[PDB]
Amino acid sequence: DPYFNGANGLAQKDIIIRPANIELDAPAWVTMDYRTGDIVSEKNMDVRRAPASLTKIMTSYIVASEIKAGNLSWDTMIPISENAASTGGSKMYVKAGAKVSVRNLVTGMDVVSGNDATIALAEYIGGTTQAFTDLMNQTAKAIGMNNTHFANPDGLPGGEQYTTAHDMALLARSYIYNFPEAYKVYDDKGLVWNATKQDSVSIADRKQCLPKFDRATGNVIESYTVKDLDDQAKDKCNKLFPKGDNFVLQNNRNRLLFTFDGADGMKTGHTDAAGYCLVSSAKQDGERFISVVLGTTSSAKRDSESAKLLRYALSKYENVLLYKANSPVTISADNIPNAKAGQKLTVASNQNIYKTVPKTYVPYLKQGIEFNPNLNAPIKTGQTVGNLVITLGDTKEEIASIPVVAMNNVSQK
Ligand SMILES: [Cl-]
């Protein structure tokens with residue numbers, strides 16, 4: 001175009017937007033992608049703080065492992081000791097001398113944070129609660145939680161007791177991966193618990209019948225309140241909600257289940273030493289993130305600040321396979337010193353580069369080979385010659401770096 005001056009200089013290249021460093025007033029947090037393990041946001045992620053009921057995640061972790069290993073099943077009926085039934089704090093209200101299934105006890109532990117249920121599972125798997133705590137600390141070392149020490153199975157304060165946001169994210173990621181069925185329990189909205197029979201009722205079964213409960217005692221007054229029901233569906237309301245049976249009704253106190261779209265976990269906790277804490281996970285279009293927030297001064301901030309982290313990660317990041325393993329990258333070998341002029345050099349790594357990167361970076365990433373600057377011929381097949389490098393645009397800034405190995409031979413002159 002001869003009727004415009006300086007169009008090439010007037011044209012505006014798109015400006016790459018880096019994700020801004022998020023700011024919360026939580027003393028510690030971490031946000032991690034599930035499939036890559038990459039950390040996209042964190043503060044003080046290795047500072048040791050009190051665990052509170054996040055301890056119950058490890059207890060639930062060990063319960064799932066014993067089920068997967070065949071030493072336990074969801075159907076197994078555990079006796080409730082008087083020690084378990086009488087533990088204070090959050091209860092699911094299991095009675096001493098009763099038998100309760102693993103499925104019910106795990107639901108009480110995960111959804112209601114019941115200490116009596118946690119203690120009942122611990123006594124059964126470990127014998128004593130002390131022995132079970134030792135198993136918790138061994139399992140923590142095996143997962144790689146190197147800054148974590150539990151004093152008991154339920155997170156009640158007392159004794160040496162700590163974890164980190166990074167360690168809790170490692171535990172959660174392992175939980176999602178190894179125990180997907182047990183992890184589904186954390187998405188339960190609440191627990192409808194028949195304390196008389198010592199068994200639960202599906203929340204869906206409650207919404208069908210809509211029973212009437214005495215406000216002051218939890219005793220069922222009416223089995224069904226629905227105006228029109230089938231005679232046989234009416235009797236199933238009468239069997240699941242008898243007349244006079246005592247019921248306890250509790251919601252899952254992870255508010256994110258109700259407010260955050262795609263949130264399916266995980267666990268809350270609160271002591272004076274730990275503050276309000278939340279391990280949470282949200283999935284949106286195949287992309288799952290894990291967030292841990294520790295030490296907030298209120299439950300509302302605990303939920304507010306966790307949602308900010310999950311929304312920030314889910315909307316600004318992306319999983320990309322930057323390098324497919326065993327992919328050749330060939331270049332001319334003439335420039336490398338002491339090399340014969342005829343030959344070429346191919347390099348490759350047996351590893352992938354699968355990384356969580358900002359969405360805004362993706363169209364600007366470039367594969368590059370950074371050779372050892374002192375590389376001269378001869379070089380043998382299987383010799384390490386440098387790194388495969390992912391850079392951002394035409395700059396030298398590196399997003400990923402992986403050592404690369406020689407697939408050819410070069411002969412010196
Ligand atoms: Cl993911």
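Here, residue 1 is the first one in the sequence, and each next residue gets the next number.
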Inset, instruction - Please lay out, stage by stage, how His166 and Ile39 fare under the test side chain to side chain contact (heavy atoms under 4.5 Å, CB included). - result: CA-CA 9 Å; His166 186 193; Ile39 296 163; 4.1 Å; yes

Inset, instruction - Let me see the working for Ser101 and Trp74 under side-chain hydrogen bond (donor to acceptor under 3.5 Å, both in side chains), right down to the final yes or no. - result: CA-CA 7 Å; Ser101 74; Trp74 296 107; over 6 Å; no

Legend entry - salt bridge (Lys or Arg N to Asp or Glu O under 4.0 Å): pairs with one or both residues in residues 200-210, sequence neighbours excluded: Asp205-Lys236

Legend entry - With sequence neighbours excluded, residues passing side chain to side chain contact (heavy atoms under 4.5 Å, CB included) with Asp187: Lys189, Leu257, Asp264

Inset, instruction - Could you go through the side-chain hydrogen bond (donor to acceptor under 3.5 Å, both in side chains) check for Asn115 and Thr87 one step at a time? - result: CA-CA 6 Å; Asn115 296 318; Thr87 67; 5.4 Å; no

Inset, instruction - Can you see which heavy atom on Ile80 is nearest to which on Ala120, and at what distance? - result: CD1-CB, 3.7 Å

Atom pairs and distances, donor-acceptor, side-chain atoms in residues 380-407, under 3.5 Å, two or more places apart:
| residue | atom | partner | partner atom | Å |
| --- | --- | --- | --- | --- |
| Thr381 | OG1 | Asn408 | O | 3.2 |
| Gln383 | OE1 | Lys380 | N | 3.2 |
| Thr395 | OG1 | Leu392 | O | 2.6 |

Inset, instruction - Look up atom CG in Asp261 and atom CZ in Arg311, then write down how far apart they are to the nearest 0.5 Å. - result: 12.0 Å

Legend entry - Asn338 (side chain) donor-acceptor with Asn376 (main chain) under 3.5 angstrom: no

Inset, instruction - Please check if any side-chain donor atom of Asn246 sits under 3.5 Å from a side-chain acceptor atom of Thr196, or the reverse. - result: no

Inset, instruction - Calculate, to the nearest 0.5 Å, the distance between atoms SG and CG belonging to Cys277 and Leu54 respectively. - result: 5.5 Å

Inset, instruction - Of all the heavy-atom pairs spanning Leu314 and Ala282, show the shortest one and how long it is. - result: CD1-CB, 3.9 Å

Inset, instruction - Using a cut-off of 6.0 Å, state whether more than 12 heavy atoms not belonging to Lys95 lie near its atom NZ. - result: yes

Inset, instruction - Answer yes if the side chains of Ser291 and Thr31 hold a donor-acceptor pair under 3.5 Å, and no otherwise. - result: yes

Inset, instruction - Could you note down all residue pairs passing ring pair (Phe, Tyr, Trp, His ring centres under 6.0 Å) where residues 252-302 supplies at least one of them, sequence neighbours left out? - result: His270-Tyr276

Inset, instruction - Could you check if a side-chain atom of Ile119 sits within less than 4.5 angstrom of a side-chain atom of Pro153, using non-hydrogen atoms only? - result: yes

Legend entry - Taking every non-hydrogen atom, the tightest pair across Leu294 and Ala165: CD1-N, 3.4 Å

Inset, instruction - Kindly compute the distance separating CD (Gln412) from CD1 (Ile336), expressed to the nearest 0.5 Å. - result: 10.5 Å

Legend entry - With sequence neighbours excluded, residues passing ring-ring contact (aromatic ring centres under 6.0 Å, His included) with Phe150: none

Legend entry - Working for side chain to side chain contact (heavy atoms under 4.5 Å, CB included), residues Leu256 and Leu310: CA-CA 10 Å; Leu256 257 57; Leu310 292 173; 3.8 Å; yes

Legend entry - Pairwise distance OG(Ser65) to CE(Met58) - rounded to 0.5 angstrom: 10.5 Å

Legend entry - Heavy-atom pair of closest approach, residues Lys91 and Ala85: NZ-O, 3.0 Å

Legend entry - Pairs meeting criterion side chain to side chain donor-acceptor pair (under 3.5 Å) with involvement of residues 144-157, two or more places apart: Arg48-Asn147, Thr148-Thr163, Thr148-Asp167

Legend entry - Polar side-chain atom of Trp193 near backbone of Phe247 as donor-acceptor pair, under 3.5 Å: no

Legend entry - SB check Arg103 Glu181 (cutoff 4.0 Å): yes

Inset, instruction - Please examine the side chains of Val102 and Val63, heavy atoms only from C-beta on, and report whether any two atoms are closer than 4.5 Å. - result: yes

Legend entry - Neighbour count >12 (heavy atoms, 6.0 Å) for atom CZ, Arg49: yes

Legend entry - Verdict with reasoning, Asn104 to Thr107, per side-chain hydrogen bond (donor to acceptor under 3.5 Å, both in side chains): CA-CA 5 Å; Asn104 286 331; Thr107 309; 5.3 Å; no

Inset, instruction - Name the orientation class of the two ring planes belonging to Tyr186 and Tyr183 (parallel below 30°, tilted from 30 to 60°, perpendicular beyond 60°). - result: tilted

Legend entry - All pairs passing ring pair (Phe, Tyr, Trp, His ring centres under 6.0 Å) where residues 312-344 contributes a residue, at least two apart: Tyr312-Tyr317

Legend entry - Pairwise distance CG(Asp110) to CG(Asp188) - rounded to 0.5 angstrom: 8.5 Å

Legend entry - Separation of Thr296 OG1 from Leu24 CG (nearest 0.5 Å): 10.0 Å

Inset, instruction - Determine whether more than 12 heavy atoms belonging to other residues, nucleotides or ligands lie under 6.0 Å from atom CG of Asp1. - result: yes

Inset, instruction - Taking all non-hydrogen atoms of both residues into account, name the closest pair between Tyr34 and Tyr177 and its distance. - result: OH-CA, 3.2 Å

Legend entry - Non-hydrogen atoms of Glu318 and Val362 that approach each other most closely: OE1-CG2, 3.2 Å

Please output the side-chain donor-acceptor pairs of residues 2-18 that fall under 3.5 Å, not counting sequence neighbours, one pair per line with the distance.
| residue | atom | partner | partner atom | Å |
| --- | --- | --- | --- | --- |
| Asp14 | OD2 | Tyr364 | OH | 2.4 |
| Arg18 | NH1 | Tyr361 | OH | 2.7 |

Inset, instruction - Mark yes when over 12 heavy atoms from residues, nucleotides or ligands other than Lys212 sit less than 6.0 Å from its NZ; otherwise mark no. - result: no

Legend entry - salt bridge (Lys or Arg N to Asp or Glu O under 4.0 Å) partners of residues 296-310, not counting sequence neighbours, each pair once: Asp25-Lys301

Legend entry - Within 6.0 angstrom of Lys68 NZ, more than 12 heavy atoms from elsewhere: yes

Inset, instruction - State, with a plain yes or no, whether a side-chain heavy atom of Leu191 is found less than 4.5 Å away from one of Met92. - result: yes

Inset, instruction - Carefully, step by step, assess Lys267 and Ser113 under the rule side-chain hydrogen bond (donor to acceptor under 3.5 Å, both in side chains). - result: CA-CA 8 Å; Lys267 189 72 183 72; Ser113 205; 2.8 Å; yes

Legend entry - Flag side-chain contact, heavy atom, 4.5 Å: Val47 against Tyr162: no

Legend entry - Side-chain heavy atoms of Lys99 within contact of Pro79, under 4.5 Å: yes

With a 3.5 Å cut-off and sequence neighbours excluded, list the donor-acceptor pairs that the side chains of residues 326-334 form with protein atoms.
| residue | atom | partner | partner atom | Å |
| --- | --- | --- | --- | --- |
| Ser327 | OG | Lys324 | O | 2.6 |
| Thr330 | OG1 | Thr346 | OG1 | 2.7 |

Solution key, residues 121-132 side-chain donor-acceptor pairs under 3.5 Å, sequence neighbours excluded:
| residue | atom | partner | partner atom | Å |
| --- | --- | --- | --- | --- |
| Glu123 | OE1 | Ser81 | OG | 2.4 |
| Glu123 | OE2 | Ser81 | OG | 3.4 |
| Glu123 | OE2 | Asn83 | ND2 | 3.0 |
| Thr128 | OG1 | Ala131 | N | 3.1 |

Inset, instruction - For the residue pair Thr118 and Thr59, confirm or rule out a side-chain donor-acceptor distance under 3.5 Å. - result: no

Legend entry - Side chains of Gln250 and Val248 in contact at under 4.5 Å (non-hydrogen atoms): yes

Legend entry - Sequence neighbours excluded - disulfide bond (SG atoms under 2.5 Å apart) pairs with any residue from residues 119-209: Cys209-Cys237

